[PDB]
């Protein structure tokens, strides 16, 4: 029971991403520690402008968590969790108006492990530019979700696809859009 929920959520796993550390306020990720660049990344411009964070806290918790994983792989007689396939949804950011630039959001949800491949597709071909994406967001149910974004200009002779790959998926899921 709370007015607001402020939380640090960090994971460590065998496959890539091998580790992740972040801070979320009311289910929205505020900041994270890039473990490779060893730098704090803020979700919004105003965040990093008013606030500071020590990346050593991020990494140190990843070190503690790495140890904890080793101890539990042992304790659990090498227990590997069952692959939870994702639930994909594609929807625009703003109401669609032909010729008016918009953003296409791809919500990959309710999966485990956070090992995934996500490619945007326009008219059958891979789109690499005007592309953004979230971290492997840790759901309260110990499952994972992710957001993918594509800046697009709505046209009638166009179709969109969010192509997802997960271990609990027999064939790569294509989730189509107008």
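We call the rigid core the largest set of C-alpha positions that still match within 1.5 Å between the two forms. Numbering follows the first chain given and starts at 1.
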Give, as the answer, the stretch of 24 to 32 and 45 to 53 that departs more from the shown form in 4 other deposited structures of this protein; the measure is RMS Cα distance after a core fit. 45 to 53
Going by the average Cα B-factor in the PDB entry, point out whether 108 to 116 or 144 to 152 comes out higher. 144 to 152
Would you tell me which stretch averages the higher CA B-factor in the PDB entry, 70 to 78 or 90 to 98? 90 to 98
Just grab whichever of 20, 24, 165, 158 has the top CA B-factor as deposited. 158
Quick one: classify residue 33 as lowest, middle or highest third of the chain based on its Cα B-factor. middle
Of the three thirds of the chain ranked by Cα temperature factor, residue 61 occupies the lowest
By the entry's values, the third containing the CA B factor of residue 137 is the lowest
